[PDB]
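Enquirer: Shown below is the structure under consideration.
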Amino acid sequence: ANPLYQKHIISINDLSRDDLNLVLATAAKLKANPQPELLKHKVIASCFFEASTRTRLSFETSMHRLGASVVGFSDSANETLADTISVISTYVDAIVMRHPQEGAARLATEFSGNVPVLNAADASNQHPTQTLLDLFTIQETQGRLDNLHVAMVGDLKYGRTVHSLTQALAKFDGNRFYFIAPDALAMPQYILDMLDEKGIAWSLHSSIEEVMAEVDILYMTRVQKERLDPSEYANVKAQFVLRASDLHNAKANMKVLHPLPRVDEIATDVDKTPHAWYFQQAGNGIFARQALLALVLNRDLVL
Amino acid sequence: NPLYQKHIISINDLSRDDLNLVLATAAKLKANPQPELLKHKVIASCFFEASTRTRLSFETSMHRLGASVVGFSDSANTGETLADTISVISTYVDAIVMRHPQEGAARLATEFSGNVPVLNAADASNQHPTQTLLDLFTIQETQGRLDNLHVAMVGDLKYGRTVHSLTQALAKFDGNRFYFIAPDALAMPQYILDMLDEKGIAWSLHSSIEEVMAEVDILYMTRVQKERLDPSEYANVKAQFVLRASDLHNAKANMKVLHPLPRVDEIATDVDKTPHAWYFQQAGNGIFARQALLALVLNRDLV
Amino acid sequence: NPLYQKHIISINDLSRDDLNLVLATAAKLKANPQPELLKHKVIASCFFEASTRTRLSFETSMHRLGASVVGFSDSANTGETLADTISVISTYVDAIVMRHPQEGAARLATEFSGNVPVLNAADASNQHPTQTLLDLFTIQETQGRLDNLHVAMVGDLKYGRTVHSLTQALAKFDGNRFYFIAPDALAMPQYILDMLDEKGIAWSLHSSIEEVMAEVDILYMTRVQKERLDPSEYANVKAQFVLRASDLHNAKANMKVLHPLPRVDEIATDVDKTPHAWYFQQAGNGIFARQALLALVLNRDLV
Amino acid sequence: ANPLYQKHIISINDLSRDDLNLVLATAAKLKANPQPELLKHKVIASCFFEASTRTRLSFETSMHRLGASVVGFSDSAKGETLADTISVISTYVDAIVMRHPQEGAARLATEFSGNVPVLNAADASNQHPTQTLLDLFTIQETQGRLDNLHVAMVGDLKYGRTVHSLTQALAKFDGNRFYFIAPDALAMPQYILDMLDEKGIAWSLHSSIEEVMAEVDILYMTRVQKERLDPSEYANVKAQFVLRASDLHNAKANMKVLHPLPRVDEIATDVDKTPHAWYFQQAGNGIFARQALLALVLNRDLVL
Amino acid sequence: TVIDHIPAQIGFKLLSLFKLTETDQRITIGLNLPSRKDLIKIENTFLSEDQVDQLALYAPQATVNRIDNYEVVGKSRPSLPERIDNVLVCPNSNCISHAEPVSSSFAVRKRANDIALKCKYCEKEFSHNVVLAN
Amino acid sequence: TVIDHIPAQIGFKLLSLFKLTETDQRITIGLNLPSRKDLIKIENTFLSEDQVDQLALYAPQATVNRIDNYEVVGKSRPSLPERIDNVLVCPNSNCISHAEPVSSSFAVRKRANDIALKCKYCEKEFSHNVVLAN
Ligand SMILES: [Zn+2]
Ligand SMILES: [Zn+2]
C-alpha cells in the first residue's frame, strides 16, 4: 500500500521510480492542503553530527509544519555511532541525521531497530532529500520530469547533488543531458556509463551560451575554490558563471536552479529575471521533506 | 492593528500611537494568557550574533503563544550573503526574529523577506526596539504612566543603544525631565541633546546619583564596559556611577531601579532586598512586550 | 656610565643627563660598529606579551653586539608567578629584556632579579622607554638638536603610551613648542598639560594638520585604533588626522615625518616618495638606541 | 663579485644554467671544506610568515654553520602590509630568508628591501628554489652529472611545486630523458610539456613505476595529498604510485630514490635499508645547498 | 540634453558615477574650457528633475539645457534632493550595505557649514565631505 | 595629441584606466560617431610610444596623431607592448600584489587567437580575456 512506511531513507539508489513517484505526489498534496497536526505526539531527532544550518532549519521546519516535536544537536567542526543510535532509537520515533563519514546513516539503520533513519547527507556519498526537492521543483516548473533538456553546470566531479539528480532523472524517459564543466571537474565515467546502458542522450559543452537555446533546466553548482588552485580557478571560472545577459536565448519555460549557497556562480542580476528559481527550489524543500517524514511515520495517509 | 505584517526594525519607525498599542496588548496578554494565539505558526529565531539572554526571552514569548520555533546561534566568527540567507529562510517560516552584529541588517532583511515580517533583536550599535518596549512597559506599569516623570539614566550614555532608544521613545511623551549621570568621556551624545532641545524637553547633567536621588521616579542603570577606558581611568571615576543600597534613603516610595542586565559592579546586591529593585521584573516583562509584538504582527483580531 | 647595572623601566626614572649619554653612545655605535662588545653574554628576550615588531629590533641589537639570545614569546592567554619566573631566569642570564601585558611588571622584576638588569620593552599602558629613546635619537639626528623645535603629535593622544613618554622626555629640553592634533574624545590627558604648564612650556590645540604644517620640524603620527570609538564616529572624524602627500606643500625642508608603526590608514603611501618620510629610518634607529642601552648597562668602558 | 653577489634568489626561472653550476660547485666545496666563520658579524632574518619547521631548521642551521647570527619568527595561521614589514626589517638585518603564503611575496620583498638580498623559502604554489637547488646538488653528487640521465617523477605532478621547478631546472641541461608517473587527475601540466617539446627533450607518461624501474637513475617521489581527490579515488589509485622494497629488483646500482619530505604512504619503510635510499641524505644536502646560496650572496670573493 | 558650467575635474566624475557613457547616443565632452568649466552633451536623452537633482552635490552652480528640439527648450539648475542613491558609499565599515547586493541610500538635510547624510541601513549621519572622501 | 578610431565603449574606458582627465589641459571627447567609433582629443600633451602601445589591448586598430602645432606633426598606430602595468588586475586572488602598495605588471606575448599575460609577481600566465573580464 505504502512501501515507505517505517522504511529508512538512506540512498537515492535505494528508491525505485515507483517510490519516487509516491514521494513527489505526497509533496504536492501536502503543499496544496496543509496537514498541520499529521504528526502530533511524534518526537523526531534532528541529529546533525556535521553541522549544517541550511539543511537543519529546512528539515526542522518541515517537522513542525506537521505538528511534531523536535530534539537534536549540532556538533562543532571537530562513543561509537552504534551506541549513539542504539540509545537515541529508544528516545524518538524518527531520526534525521547528517554525518561527516560516508555510510553513517546506513550504519544507523542497523542499530535503530524499528526507528526509521533519514539521511541528511553523509559527506561525499549521498544526499537524497536534496534530490527529492530538486525533482519536485523541476516537476512543478516544467509540468513533468520526462522529455526535458537538463543542463548541469559547475563542479560535476565532486557534486553529490548532481550525481544523485542524474541518477534519479535517468529513471524517467527521453531526458537529454548537457554537462558543462571544466575537464578537471568533469562528470565521472560511471555516471556516463549509467546513462549509456539505459540509452539516455547526453553531451558535453564548454560554456552555457553554447546550449542556452535548447535547455529547460539549467542546474548551477558551487565550484569550491579549494578543488583547484586559485590560478586554475581564475582561468576557467569565466565559462561557468551566469549573468542575466546570458539569458536572451533561454526558453520561456526554462528555470535556473541551485542547491545553494551561490558565491560567484550566479550573478545577482539573475534574481530579477523570471528564470530565477533557486530560492523557490529551497522553499520546496519543506514539502519534499514533509512528504518524506509523513510517508515514513504513518501507515494510512488519508489524503 | 496598524502594525499587522509590518517589520519592527527601528524605534524611530514606531509612532507614539503604535507604542500605546503594544503596551496595551502586553498588559492584556499578561493579565489573561492566550496560549494558542499563534498555534501552527513557525517563527525563525535567527541569532547571527549569539545572545542567550535575549534568545531565551524571545523564544519563551514565542512558545507562550503556542508557536513552534526553529533557529540558530552562530559562534563568534567574522560566505552566503545575508540577502541570500533571508531570501531562503523567508520561504520556510512566517516571521523572522533576528540579531546581527552589523548595523542595518534587519533593514536589509526587510528588502528580501517579502511579506514575511522581520523583528529586530538588535543590529549592533543602532537599534534594539524590543529592549526599549520592555523598558517602557515596565516604567508604565510601575509609574502608572509615561508622562511627567523624573527619569535618571546612569552609566555609559555614549555607547548605550538601550538608552538612546529609550530617550527617543520617552521624548514622544510629555513633561518628562531627564537626568544624565555619566563620566565626561561617556557623556550623552550631542544628537540626543539637540533632539531634546528641539522639543523643549528639560534635561540636566549630574556628576553623581546623590544629587538627583530625592526627586527621581525611574533610576536606569547601564553597564559601563571596562574596555571603554583603560582599567585605571575606569577605577578612578567609576565610584560615582555604581549604586549601593545606602544611597536609597531619600528615594521616593514609588521609584523603581531598572537595568538592561547583566549587572557586573554597577548595582550592589544589597539593592535586591529593597522594594526599589525592578531589573528582574523588568526582564520578566520582556516576555509580554514580545508576546504582544509577535501577536500584533501575525494577527489582526485581539482574540 | 652612571647607568651601569641599573634597570631601564620608566622614562621618569631617566635623568636628562642620562638621556644625553644614551643618544651619544647610539651615534658612536652607529658610526663605528662594535660587534663583540657583549661577546659571551647571554640576554633573555622575555616577551610575555608577544610582539614580533619589537622583538626583532631588540634581538638584532643584541646580536649586533655579538651576544647570544634565549627567550620566548607567549601566546595570547591570560600558574607560576612573575616573581618566581624572574627569580629563576635571573640565575641563567646577564640581562633581561621583557615585555609584559600588565602594568608595573618590569618594576616587579627588578625586585626579584637581584643585580641582573631588567630592560622594559613595554608593560601595557604606562611605560615603553626604548621606543622613546629611538624617537629622540631620530629627532636629534634629523634636527641636529632636541631644543627649540616645533613638534606636532597627531592621532590617539589619550591612550598613546608612546606620546606621553615622548612628551615628558622632550619637556626636559628647552624652548620646545608642542602642537596636539587629536579629536576631542582622544585628547591629550590633563596630567600631561599640567606638566607642561608647570615648566612654562608652550603648547596649543589644533583641529587639523593644515593649521600647523607650515611651522613644524617634527610630525609625529600615531595609530588611532578604530576600537576606541564605534566605526561610525571614527569614520566621521578620522579624515582630519590622516596624512596625504598633498598636505606637505608648505612643510619645512628639514622637517621629518615619524611614526611608531605599524601604519594602517594614518599615513598614505604617497609620503614614502617624499624626503619627509622618516618612520622607517626611525625604526632602523631602534637598533642603535637599544645597542647603546644594552652596552651602557653591561659595560663601563666605551671600547 | 661572483655572478650572484647581492642578487635576490626568488625564482628558478631567474637563475641561468651558468648560475646553477656555480651554486652546486660551491655547495660541494663548502661540504668538503667547512668555512665556519665565513659570515661572522652578519645577521640574517628568518621570516617564516607561513610556518615550516622542516624548512626553517634547515635554513637556520645553514645560517649558523657559516657563523651567522639569526633573528626571525614563525607566524601561526597581517594588518601591516608586507611592504611596510620588510621596509622595516631591511633596516635591521643583512639578509632576508622568507616563506610566505601568497605568491610573489619574495618578489615584492625585493622592491622594498633596498640592498638587502631576499631569498625565497617558498612563496605558496609559485617558487621554491632552495628545494630545487637541494634536489640538483643531490642528483649531481649521486650521478656525477646532470646531463644524460633518466629521471622519473612520481606522485602529485599537477600541484607539486617541487617537481615543476626541478623539471624546469633539468631542462637547462642536455640529453635528459623524463618519465612522468602520475594519475590522470594529477598529470604534469601542459606548460611543462610544451617547454620540453620546445627544447626537443624526450619525455613519456607511464601508468606505474614498474614500466620504468629498470632504466632510471633518479626516482623522485612526491607527497600525494589526500585532499586533492576524494578518499575513494585516492584509495583506488594510490597502489600504482607507492614504492616498496620489492619494486627495486631490476633497478640500476647507481639509481637513487629522492623525496622532498615528509613521506606519508608513498615510500614504505623497508626501502630505507636498500642502498637506493637517498631522501635523508637529500635533506642533509639541503644544508650545503642553502649554505652555498647564503655565502655566494653575502661575500664577493669566495676562496673556494 | 546639455550641461553647462560643470566644476573643474567634476565632468569625468559625473560620467563615471552616473554611468552616462553606457548608451548608444552621440556624447560630447569638454573639460578645462573657458568659463575653467566643463560640458557634457548627449543626444536624444532626457533626465527627469529627480535625476538632475542627483548632481547637486557634485555640480552645484551648473546649468542644464536641451537640444533635441533644435533650440534651447528649457533652462534648469539642480535643486537638492531628499535622497541620494546608488553613488555614495557609507564610511561606516561595519555597515551591512557593503557586503550585500543592495543599493546605497542616504537621506539628505542641510546644516550651516555641513550637509548631513543619514544612511538608510545603519541609520548613521555623516558630513558630505566625509562621504565623498572615500 | 589626438586619438582616432576608438571602438565603442572603449573611449570612456581609456579615459578611466589611463587617467586622461587628471590634467589641466583642454580635453575633448566624442562617443558613438560615424565609422560607431569614439574619439579623444587632448591639447598640448605628448604620449610616448609606450603609452600608445599601452592602448593596443583596448583600442588595437586606432590612430594617434599630434595637432598641438596646428598641423599633423606625427603619425602613430598602437603596437602590442612587452609589458602592461598599472591598469590590469591579477585574476589570481592569492597574488601578493592585491593587498600591497605595488603596481601590477604583466608580460605580453602573442599566441594563436590569444594573448598570454604573465604576472610579474605570482608568475602565473592568463589569457587576456580572463584578465580583462574582471
Ligand atoms: Zn551605512
Ligand atoms: Zn599575480
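Ordering of the C-alpha cells sets the chain letters (A, B, ...), residue numbers begin anew at 1 in every chain, and ligands are numbered from 1 in the order given.
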Could you pull the residues within 7 Å of stretch 255-261 of chain A, counting only C-alpha atoms, minus those fewer than 4 positions along the same chain, as a list in words?
Expert: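 Counting only C-alpha atoms, the residues come to residues 216, 217, 218, 219, 220, 221, 275, 276, 277, 278 and 281 of chain A; 80 of chain B.
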Enquirer: Take the residues just selected and output them with N, CA and C atoms as a PDB file, in the first residue's frame.
Expert:
```
ATOM      1  N   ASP A 216      15.735  23.331 -20.857  1.00  0.00           N
ATOM      2  CA  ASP A 216      14.593  23.588 -19.990  1.00  0.00           C
ATOM      3  C   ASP A 216      14.989  23.774 -18.535  1.00  0.00           C
ATOM      4  N   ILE A 217      16.088  23.157 -18.108  1.00  0.00           N
ATOM      5  CA  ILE A 217      16.601  23.291 -16.751  1.00  0.00           C
ATOM      6  C   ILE A 217      18.091  23.593 -16.833  1.00  0.00           C
ATOM      7  N   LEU A 218      18.514  24.669 -16.176  1.00  0.00           N
ATOM      8  CA  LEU A 218      19.926  24.994 -16.004  1.00  0.00           C
ATOM      9  C   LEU A 218      20.245  24.850 -14.522  1.00  0.00           C
ATOM     10  N   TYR A 219      21.078  23.873 -14.187  1.00  0.00           N
ATOM     11  CA  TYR A 219      21.316  23.487 -12.800  1.00  0.00           C
ATOM     12  C   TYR A 219      22.744  23.882 -12.438  1.00  0.00           C
ATOM     13  N   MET A 220      22.881  24.995 -11.724  1.00  0.00           N
ATOM     14  CA  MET A 220      24.181  25.517 -11.332  1.00  0.00           C
ATOM     15  C   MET A 220      24.644  24.868 -10.036  1.00  0.00           C
ATOM     16  N   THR A 221      25.929  24.529  -9.974  1.00  0.00           N
ATOM     17  CA  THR A 221      26.543  24.023  -8.756  1.00  0.00           C
ATOM     18  C   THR A 221      27.679  24.941  -8.326  1.00  0.00           C
ATOM     19  N   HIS A 275      13.564  33.570 -14.789  1.00  0.00           N
ATOM     20  CA  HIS A 275      14.231  32.276 -14.798  1.00  0.00           C
ATOM     21  C   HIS A 275      14.822  31.912 -13.443  1.00  0.00           C
ATOM     22  N   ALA A 276      14.852  32.847 -12.496  1.00  0.00           N
ATOM     23  CA  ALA A 276      15.438  32.594 -11.187  1.00  0.00           C
ATOM     24  C   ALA A 276      14.467  31.771 -10.351  1.00  0.00           C
ATOM     25  N   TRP A 277      14.864  30.542 -10.016  1.00  0.00           N
ATOM     26  CA  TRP A 277      14.011  29.672  -9.217  1.00  0.00           C
ATOM     27  C   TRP A 277      14.773  28.942  -8.115  1.00  0.00           C
ATOM     28  N   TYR A 278      16.003  29.352  -7.797  1.00  0.00           N
ATOM     29  CA  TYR A 278      16.774  28.638  -6.783  1.00  0.00           C
ATOM     30  C   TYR A 278      16.222  28.864  -5.379  1.00  0.00           C
ATOM     31  N   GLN A 281      13.170  26.849  -5.198  1.00  0.00           N
ATOM     32  CA  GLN A 281      13.681  25.491  -5.042  1.00  0.00           C
ATOM     33  C   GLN A 281      13.908  25.158  -3.572  1.00  0.00           C
TER      34      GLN A 281
ATOM     35  N   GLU B  80      27.745  32.820   2.374  1.00  0.00           N
ATOM     36  CA  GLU B  80      26.419  33.186   1.895  1.00  0.00           C
ATOM     37  C   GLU B  80      26.045  34.580   2.385  1.00  0.00           C
TER      38      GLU B  80
END
```
Enquirer: Could the residues that lie within 8 Å of ligand 2, counting only C-alpha atoms and all ligand atoms, be listed as a count of residues only?
Expert: 19
Enquirer: Set the cut-off to 9 Å and count only C-alpha atoms: what are the residues of chain A that reach chain B? Output as a VMD selection string.
Expert: chain A and resid 36 to 37 53 to 54 56 to 58 60 to 62 64 to 67 69 260 to 263 278 to 280 282 to 286
Enquirer: Considering only C-alpha atoms and all ligand atoms, give me a table of residues in chain C that are at most 12 Å from ligand 1, with the closest atom pair and distance in Å for each, as a Markdown table.
Expert:
```
| residue | atom | partner | partner_atom_place_in_ligand_line | distance |
| --- | --- | --- | --- | --- |
| C:231 | CA | ligand 1 | 1 (Zn) | 10.5 |
| C:232 | CA | ligand 1 | 1 (Zn) | 8.6 |
| C:235 | CA | ligand 1 | 1 (Zn) | 11.0 |
| C:236 | CA | ligand 1 | 1 (Zn) | 11.7 |
```
Enquirer: Would you kindly return, as a list in words, each protein, DNA or RNA residue with an atom no farther than 7 Å from any atom of stretch 289-291 of chain A, considering only C-alpha atoms and excluding same-chain residues fewer than 3 positions away?
Expert: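 Surrounding residues, per the criterion: residues 23, 26, 27, 30, 59, 62, 63, 129, 285, 286, 294 and 295 of chain A.
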Enquirer: Can you list, as a PyMOL selection string, all residues belonging to stretch 103-250 of chain A that DSSP tags as strand (DSSP E or B)?
Expert: chain A and resi 117-122+149-153+176-180+202-205+217-220+242
Enquirer: Within 12 Å of chain E, which residues of chain A are there when counting only C-alpha atoms? Please give them as a tab-separated table (two decimals) with N, CA and C atoms, in the first residue's frame.
Expert:
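Dumped to part.tsv:
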```tsv
chain	number	residue	atom	x	y	z
A	263	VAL	N	28.21	31.64	-4.62
A	263	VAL	CA	29.26	32.61	-4.35
A	263	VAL	C	29.40	33.48	-5.59
A	267	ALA	N	25.41	35.51	-10.92
A	267	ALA	CA	25.38	36.94	-10.68
A	267	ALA	C	24.00	37.37	-10.20
A	268	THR	N	23.97	38.40	-9.36
A	268	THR	CA	22.75	38.78	-8.67
A	268	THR	C	21.72	39.46	-9.57
A	269	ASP	N	22.09	39.85	-10.79
A	269	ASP	CA	21.10	40.40	-11.71
A	269	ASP	C	20.12	39.35	-12.20
A	270	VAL	N	20.41	38.06	-11.99
A	270	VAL	CA	19.52	37.00	-12.43
A	270	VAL	C	18.28	36.91	-11.55
A	271	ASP	N	18.42	37.27	-10.26
A	271	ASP	CA	17.30	37.17	-9.32
A	271	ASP	C	16.05	37.89	-9.83
```
Enquirer: Could you give me, as a tab-separated table, every chain B residue with an atom at most 8 Å from chain C, plus its closest atom pair and distance in Å to one decimal, counting only C-alpha atoms, rows ordered by chain then number?
Expert:
```
residue	atom	partner	partner_atom	distance
B:125	CA	C:230	CA	8.0
B:159	CA	C:230	CA	8.0
B:185	CA	C:185	CA	6.7
B:228	CA	C:228	CA	7.0
B:230	CA	C:125	CA	8.0
```
